[PDB]
Amino acid sequence: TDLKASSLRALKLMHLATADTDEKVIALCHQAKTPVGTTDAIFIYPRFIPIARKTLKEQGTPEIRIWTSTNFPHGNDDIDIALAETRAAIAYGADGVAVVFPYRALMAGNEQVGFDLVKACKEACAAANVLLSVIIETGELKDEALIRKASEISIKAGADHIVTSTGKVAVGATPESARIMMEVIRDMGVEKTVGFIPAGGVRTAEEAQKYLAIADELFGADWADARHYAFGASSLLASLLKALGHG
């Protein structure tokens, strides 16, 4: 339908996370293989990547990619630590790394560290053919102008995607935050090279439809492919499947 069609689209764009142990990671890998298709990826801590890879292979869905997190969830301003975590995530075999932007440093007026941090990690990721997402933590930034600025620095420092949230603070994505961040991608004209990810608290099919509806409006209905769009979510999946007449 419109709702059915947007729900299947969002399911396929999902980076499925846990709502974390070996047993829970194994079950997540199974969960990502649904009655209506496979999610794009799973989202797990770095140490679970080799076991998750093995699990996906043996269920016959090796095309499910593996995303992980670094500088996470805190978004500290220590570059050596964020970069060392990113090297390890790559070494473990990550398809993508989501680094947390040093957003508290930006709130305190330091724009420069966010740039240096993100770019250091981007350089490591690019060499390994691994994607870098940058989580800016919109729920803590709050202010539209901080939101835009964090998105802009991230983009200049080489972010492959910009992400609203860690899922680890109270406030995650909103339609408003999502629009601000996508407006920045448009204003900078970086549509082709920078994707967008709403994450944290995206729980319903109708919620996912709205976020996707924003992107079709700004960029055209073809833009939000797996490269340029993901849902960082967990329980969303059950909602998506319900809307599709499953469960």
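Could you tell me whether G60 is in a loop (DSSP other than H, G, I, E, B) and crowded, with 21+ Cβ neighbours inside 10 Å? Before the answer, list the steps.
On the way: in a loop (DSSP other than H, G, I, E, B): yes; crowded, with 21+ Cβ neighbours inside 10 Å: no.
No, not satisfied.
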For the range 21-54, the count of residues that are under 15 Å from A233 (Cβ atoms) and either surrounded by fewer than 16 Cβ atoms within 10 Å (Cβ to Cβ) or hydrophobic (A, V, I, L, M, F, W, C) (or both) equals 6
Give the number of residues within the range 141-178 that are acidic (D, E) and exposed (fewer than 15 other Cβ atoms within 10 Å of the Cβ). 3
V190 being surrounded by fewer than 18 Cβ atoms within 10 Å (Cβ to Cβ), under 16 Å from the mean Cα position of the chain (by Cα), aliphatic (A, V, I, L, M) and assigned to a loop (DSSP other than H, G, I, E, B): no
Which one is surrounded by the most Cβ atoms within 10 Å (Cβ to Cβ) among residues in the range 111-140 that are in contact with a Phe, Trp or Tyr (Cβ under 9 Å, 6 or more places away or on another chain) and of a type in the set (D, E, K, R)? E137
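How about the range 92-176: which helices (runs of 4 or more DSSP H) wholly inside it have at least 1 residues that are under 30 Å from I51 (Cα atoms)? Before you say what the answer is, go through the steps one by one.
On the way: elements: 103-107, 112-127, 138-141, 144-156.
Those helices (runs of 4 or more DSSP H) span 112-127.
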Among the residues of the range 75-91 satisfying the criterion of being outside any helix (DSSP H, G or I) and of a type in the set (D, E, K, R), which is nearest to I162 (Cα to Cα)? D77
So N71 passes all but one of these: (1) on the phi > 0 side of the Ramachandran plot; (2) in contact with a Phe, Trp or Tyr (Cβ under 7 Å, 6 or more places away or on another chain). Which condition number does it fail? (2)
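Values quoted throughout were computed directly from the atomic coordinates according to the rules given, and no laboratory measurement underlies them. All Cβ positions, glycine included, derive from the backbone under ideal geometry; neighbour counts span all protein chains shown.
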